>>> print(open('my_file-v2.cif').read())   # mmCIF, N, CA and C atoms and all ligand atoms
data_data
loop_
_atom_site.label_atom_id
_atom_site.label_comp_id
_atom_site.auth_asym_id
_atom_site.auth_seq_id
_atom_site.Cartn_x
_atom_site.Cartn_y
_atom_site.Cartn_z
N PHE A 1 22.26 -5.27 9.89
CA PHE A 1 21.21 -4.34 9.50
C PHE A 1 21.74 -2.92 9.41
N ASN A 2 22.56 -2.50 10.37
CA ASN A 2 23.10 -1.15 10.33
C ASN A 2 24.14 -0.99 9.23
N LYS A 3 24.81 -2.07 8.84
CA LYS A 3 25.84 -1.98 7.81
C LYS A 3 25.24 -1.60 6.46
N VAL A 4 24.10 -2.19 6.11
CA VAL A 4 23.49 -1.97 4.80
C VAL A 4 22.74 -0.64 4.82
N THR A 5 23.07 0.24 3.88
CA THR A 5 22.38 1.51 3.70
C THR A 5 21.90 1.61 2.26
N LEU A 6 20.68 2.09 2.08
CA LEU A 6 20.09 2.21 0.75
C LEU A 6 20.85 3.22 -0.11
N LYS A 7 7.49 6.20 -6.05
CA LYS A 7 6.14 5.87 -6.49
C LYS A 7 5.42 7.10 -7.03
N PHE A 8 5.69 7.44 -8.28
CA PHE A 8 5.10 8.61 -8.91
C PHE A 8 4.46 8.32 -10.26
N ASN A 9 5.06 7.46 -11.08
CA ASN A 9 4.65 7.29 -12.47
C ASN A 9 4.07 5.90 -12.69
N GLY A 10 3.23 5.46 -11.76
CA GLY A 10 2.58 4.17 -11.91
C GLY A 10 3.39 2.98 -11.45
N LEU A 11 4.46 3.21 -10.68
CA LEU A 11 5.28 2.14 -10.14
C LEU A 11 5.04 2.02 -8.64
N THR A 12 4.87 0.79 -8.18
CA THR A 12 4.61 0.51 -6.77
C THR A 12 5.51 -0.62 -6.31
N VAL A 13 5.79 -0.64 -5.01
CA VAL A 13 6.58 -1.69 -4.38
C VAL A 13 5.71 -2.37 -3.33
N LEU A 14 5.66 -3.70 -3.38
CA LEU A 14 4.81 -4.35 -2.39
C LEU A 14 5.64 -4.85 -1.22
N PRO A 15 5.11 -4.76 0.00
CA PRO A 15 5.87 -5.23 1.16
C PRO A 15 6.01 -6.74 1.13
N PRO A 16 7.09 -7.28 1.69
CA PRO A 16 7.24 -8.73 1.74
C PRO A 16 6.21 -9.36 2.66
N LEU A 17 5.88 -10.62 2.36
CA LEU A 17 4.89 -11.32 3.17
C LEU A 17 5.40 -11.56 4.58
N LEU A 18 6.69 -11.85 4.73
CA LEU A 18 7.30 -12.10 6.03
C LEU A 18 8.07 -10.87 6.48
N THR A 19 7.70 -10.33 7.64
CA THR A 19 8.42 -9.20 8.19
C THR A 19 9.76 -9.65 8.77
N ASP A 20 10.61 -8.68 9.09
CA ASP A 20 11.93 -9.00 9.62
C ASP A 20 11.84 -9.68 10.98
N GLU A 21 10.80 -9.38 11.76
CA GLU A 21 10.63 -10.04 13.04
C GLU A 21 10.42 -11.54 12.86
N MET A 22 9.62 -11.93 11.86
CA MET A 22 9.39 -13.35 11.62
C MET A 22 10.67 -14.05 11.17
N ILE A 23 11.47 -13.39 10.33
CA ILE A 23 12.74 -13.98 9.91
C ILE A 23 13.67 -14.16 11.10
N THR B 1 2.20 35.38 -4.61
CA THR B 1 2.73 35.58 -3.26
C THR B 1 4.08 34.86 -3.17
N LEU B 2 4.57 34.66 -1.95
CA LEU B 2 5.86 34.03 -1.75
C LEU B 2 5.73 32.75 -0.94
N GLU B 3 4.73 31.93 -1.26
CA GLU B 3 4.47 30.72 -0.50
C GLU B 3 5.26 29.54 -1.05
N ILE B 4 5.40 28.52 -0.20
CA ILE B 4 6.10 27.29 -0.54
C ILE B 4 5.08 26.16 -0.55
N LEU B 5 4.93 25.49 -1.69
CA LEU B 5 3.96 24.42 -1.85
C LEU B 5 4.66 23.13 -2.25
N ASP B 6 4.08 22.01 -1.85
CA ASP B 6 4.59 20.69 -2.20
C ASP B 6 3.58 19.98 -3.09
N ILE B 7 4.09 19.24 -4.07
CA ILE B 7 3.27 18.51 -5.02
C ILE B 7 3.53 17.02 -4.82
N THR B 8 2.52 16.30 -4.36
CA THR B 8 2.60 14.86 -4.25
C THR B 8 1.43 14.22 -5.00
N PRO B 9 1.66 13.09 -5.68
CA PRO B 9 0.66 12.58 -6.62
C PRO B 9 -0.61 12.13 -5.94
N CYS B 10 -1.71 12.20 -6.69
CA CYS B 10 -2.98 11.67 -6.22
C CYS B 10 -2.86 10.17 -5.98
N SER B 11 -3.53 9.70 -4.93
CA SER B 11 -3.39 8.31 -4.53
C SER B 11 -3.89 7.37 -5.61
N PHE B 12 -3.17 6.27 -5.80
CA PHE B 12 -3.55 5.25 -6.76
C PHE B 12 -2.99 3.91 -6.29
N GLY B 13 -3.61 2.84 -6.76
CA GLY B 13 -3.19 1.51 -6.37
C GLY B 13 -4.03 0.46 -7.06
N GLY B 14 -3.65 -0.79 -6.85
CA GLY B 14 -4.33 -1.90 -7.47
C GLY B 14 -5.27 -2.63 -6.53
N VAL B 15 -6.57 -2.49 -6.76
CA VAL B 15 -7.56 -3.17 -5.93
C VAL B 15 -7.53 -4.67 -6.23
N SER B 16 -7.50 -5.48 -5.17
CA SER B 16 -7.49 -6.92 -5.29
C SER B 16 -8.60 -7.51 -4.44
N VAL B 17 -9.15 -8.64 -4.89
CA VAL B 17 -10.30 -9.27 -4.26
C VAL B 17 -9.84 -10.53 -3.54
N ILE B 18 -10.18 -10.63 -2.26
CA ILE B 18 -9.87 -11.80 -1.45
C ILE B 18 -11.15 -12.61 -1.28
N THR B 19 -11.11 -13.89 -1.66
CA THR B 19 -12.32 -14.68 -1.64
C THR B 19 -12.04 -16.14 -1.31
N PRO B 20 -12.86 -16.75 -0.46
CA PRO B 20 -12.91 -18.21 -0.41
C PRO B 20 -13.60 -18.75 -1.66
N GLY B 21 -13.35 -20.02 -1.93
CA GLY B 21 -13.91 -20.63 -3.13
C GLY B 21 -15.42 -20.57 -3.13
N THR B 22 -15.99 -20.40 -4.33
CA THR B 22 -17.44 -20.36 -4.46
C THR B 22 -18.10 -21.66 -4.02
N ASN B 23 -17.34 -22.76 -3.98
CA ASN B 23 -17.85 -24.00 -3.42
C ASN B 23 -18.14 -23.90 -1.93
N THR B 24 -17.62 -22.87 -1.26
CA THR B 24 -17.84 -22.68 0.17
C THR B 24 -18.80 -21.54 0.48
N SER B 25 -18.59 -20.37 -0.11
CA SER B 25 -19.43 -19.21 0.16
C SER B 25 -19.35 -18.25 -1.01
N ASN B 26 -19.95 -17.07 -0.84
CA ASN B 26 -19.99 -16.06 -1.88
C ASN B 26 -19.46 -14.70 -1.44
N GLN B 27 -19.50 -14.38 -0.15
CA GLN B 27 -19.03 -13.09 0.32
C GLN B 27 -17.53 -12.94 0.14
N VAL B 28 -17.10 -11.72 -0.19
CA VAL B 28 -15.70 -11.41 -0.45
C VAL B 28 -15.34 -10.12 0.27
N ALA B 29 -14.04 -9.84 0.33
CA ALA B 29 -13.53 -8.59 0.86
C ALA B 29 -12.42 -8.07 -0.03
N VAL B 30 -12.45 -6.78 -0.32
CA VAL B 30 -11.48 -6.18 -1.22
C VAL B 30 -10.32 -5.61 -0.41
N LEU B 31 -9.18 -5.43 -1.09
CA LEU B 31 -7.99 -4.84 -0.49
C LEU B 31 -7.48 -3.76 -1.42
N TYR B 32 -7.34 -2.54 -0.90
CA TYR B 32 -6.84 -1.41 -1.67
C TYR B 32 -5.36 -1.25 -1.35
N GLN B 33 -4.51 -1.70 -2.28
CA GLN B 33 -3.08 -1.70 -2.05
C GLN B 33 -2.54 -0.27 -2.02
N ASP B 34 -1.76 0.04 -0.99
CA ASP B 34 -1.11 1.34 -0.84
C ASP B 34 -2.16 2.45 -0.91
N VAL B 35 -3.08 2.45 0.05
CA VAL B 35 -4.14 3.44 0.15
C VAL B 35 -4.43 3.69 1.62
N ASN B 36 -4.54 4.96 1.99
CA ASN B 36 -4.96 5.34 3.33
C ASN B 36 -6.48 5.47 3.34
N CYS B 37 -7.14 4.74 4.24
CA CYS B 37 -8.61 4.68 4.22
C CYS B 37 -9.28 5.98 4.56
N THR B 38 -8.57 7.08 4.81
CA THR B 38 -9.25 8.37 4.92
C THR B 38 -9.85 8.81 3.60
N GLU B 39 -9.35 8.29 2.48
CA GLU B 39 -9.86 8.63 1.15
C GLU B 39 -10.78 7.55 0.59
N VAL B 40 -10.25 6.34 0.43
CA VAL B 40 -10.95 5.20 -0.17
C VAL B 40 -11.86 5.59 -1.34
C1 LIG C 1 -4.06 8.55 7.00
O1 LIG C 1 -4.46 9.92 7.04
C2 LIG C 1 -4.65 10.44 8.36
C3 LIG C 1 -5.15 11.86 8.20
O2 LIG C 1 -5.32 12.50 9.46
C4 LIG C 1 -3.35 10.35 9.15
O3 LIG C 1 -3.57 10.80 10.48
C5 LIG C 1 -2.84 8.92 9.16
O4 LIG C 1 -1.57 8.86 9.79
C6 LIG C 1 -2.73 8.38 7.74
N1 LIG C 1 -2.31 6.99 7.75
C7 LIG C 1 -1.16 6.57 7.20
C8 LIG C 1 -0.88 5.11 7.30
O5 LIG C 1 -0.38 7.35 6.65
#
>>> encode(input="my_file-v2.cif", output="structure tokens")
Amino acid sequence: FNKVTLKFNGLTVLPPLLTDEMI
Amino acid sequence: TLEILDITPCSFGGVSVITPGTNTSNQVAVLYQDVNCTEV
């Protein structure tokens, strides 16, 4: 989790159904 | 004046309807995606 590092005009992102705790 | 202001867009989202089948009941509940209920 620590290794991996990375809404205005009508674009949205939906959260996943399963949270990281469930995985 | 010499003030500092921030511009963030007005809230928007896609309303969706959650429903059991009409063969069971009729009441439904809506869901406002990406919305803080202080506005609704
Ligand atoms: C919704 O707005 C209120 C305004 O006081 C704020 O306190 C609250 O944290 C907001 N909720 C979210 C999820 O941002």
>>> interface_residues(input="my_file-v2.cif", of="chain A", to="chain B", cutoff="8 Å", atoms="only N, CA and C atoms", output="list in words")
residues 7, 8, 10 and 12 of chain A
>>> residues_near_ligand(input="my_file-v2.cif", ligand="ligand LIG 1 (chain C)", cutoff="6 Å", atoms="all atoms listed in the file", output="PyMOL selection string")
chain B and resi 36-38
>>> axis_aligned_box(input="my_file-v2.cif", around="range 14-21 of chain A", padding_each_side="5 Å", output="AutoDock Vina command-line options")
--center_x 8.4 --center_y -7.9 --center_z 4.8 --size_x 17.1 --size_y 18.4 --size_z 26.4
>>> atom_distance(input="my_file-v2.cif", atom1="atom C of residue 15 in chain A", atom2="atom N of residue 22 in chain B")
26.5 Å
>>> select_by_dssp(input="my_file-v2.cif", residues="chain B", states="strand (DSSP E)", output="PyMOL selection string")
chain B and resi 15-18+29-32
>>> atom_distance(input="my_file-v2.cif", atom1="atom C of residue 16 in chain B", atom2="atom N of residue 32 in chain B")
6.2 Å
>>> atom_distance(input="my_file-v2.cif", atom1="CA of residue 30 in chain B", atom2="atom N of residue 11 in chain A")
20.8 Å
>>> residues_around(input="my_file-v2.cif", residues="residue 28 in chain B", least_positions_apart="5", cutoff="8 Å", atoms="all atoms listed in the file", output="PyMOL selection string")
chain B and resi 17-20
